[PDB]
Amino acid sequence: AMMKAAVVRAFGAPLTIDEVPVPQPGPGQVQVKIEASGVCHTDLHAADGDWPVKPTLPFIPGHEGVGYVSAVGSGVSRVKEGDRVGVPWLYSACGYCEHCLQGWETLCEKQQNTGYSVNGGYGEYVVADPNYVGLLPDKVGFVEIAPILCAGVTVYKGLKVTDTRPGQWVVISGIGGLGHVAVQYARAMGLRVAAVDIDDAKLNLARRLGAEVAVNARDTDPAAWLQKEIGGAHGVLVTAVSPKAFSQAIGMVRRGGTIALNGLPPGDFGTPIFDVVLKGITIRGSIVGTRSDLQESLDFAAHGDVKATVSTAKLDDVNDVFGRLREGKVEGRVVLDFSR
């Protein structure tokens, strides 16, 4: 009837670990006993209110929560008790609007978002819509599979809308939580990978995961450096948390190329309209992934083409994590482990 859970109550203030009531699945709902729970940079963005539309206080964050179905509301037909599932950013959608009908539920205006508009995986249990949960492969442990619930599907989908094809060069900008799995998805999709970040250790993580080439934007110029090394990229995926770089990216691509954007730092970035028009460049925002995207991203994980580099932490360690994530001191992803 009661559960441990990390709750946000003030934008900018440390999360408190409290013992709140356990959510109960009504008709058409399910309950999930959380086994592991990934920490996304989005969680930071939320807890501080970096965004135009802010979460409602108080709430439990976490949209990379994974575990077992521990209760099944009325008439649930897609999942049964004991099912291995995850609860991603896209908590639910309406299912019949133009977006939803075209398989673009990620754009649904009636969508609810896990760990934001509704409570998420930073708790021992969480109620979910069984129609939008990720169905997890048994062969991958909860801790390893957790980051795929967002970092994975996001960059998988991001790479898809770069409109690049096998044999072509793609640039991953920002080799962090999203970045480091993006390199892996790219290679599995037959692409050649170039990497850029501000820390040489993150570039080395990239090189190990498959990237053929890397650059430190802090050193010399990333764009210019890339035009010389590979003759510009066919595509670019931006997972960086800095507005600048959202600008340097437009210069790393060859004419007719496409830059896909995953990062969500507040503010604008400078777009050279003249060159964009003259070089026929495409800039494209990519928001997480649909249910099919998610299932496919999970499939890559299942086959071992993608393995997330994760650090373990305890629910109680929540705030220590946030700090180091802000400090850019995290290698890959941090995952809260509930295994008591």
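We number the residues from 1 along the sequence you see. Rigid core here is just the name for the largest C-alpha set that superposes within 1.5 Å across the two forms.
Comparing 173 to 181 with 154 to 162 by root mean square Cα distance to the shown form in 4 other deposited structures of this protein, with the rigid core used for the fit, gives 173 to 181 as the more displaced stretch. Relative to the shown model and aligned on the rigid core, the C-alphas in 4 other deposited structures of this protein deviate most, among 253 to 261 and 238 to 246, for 238 to 246.
Taking the PDB entry as given, 210 to 218 carries the higher mean Cα B factor of the two stretches 108 to 116 and 210 to 218. Looking at 251 to 259 and 225 to 233 together, the entry lists the larger mean B-factor for 225 to 233, computed on C-alpha atoms. Residues shown: 187, 84, 160, 80. Highest C-alpha temperature factor in the entry: 80. In this structure the maximum Cα B-factor among 192, 202, 165, 99 is found at 202. When all modelled residues of the chain are sorted by CA temperature factor, residue 133 is found within the lowest third.
Sorting the modelled residues of the chain by their CA temperature factor places residue 89 in the lowest third. When all modelled residues of the chain are sorted by CA temperature factor, residue 50 is found within the highest third.
Compared with the other modelled residues of the chain, the Cα B-factor recorded for residue 283 ranks in the lowest third. Among the modelled residues of its chain, residue 154 has a C-alpha B-factor that falls in the lowest third, as given in the PDB entry.
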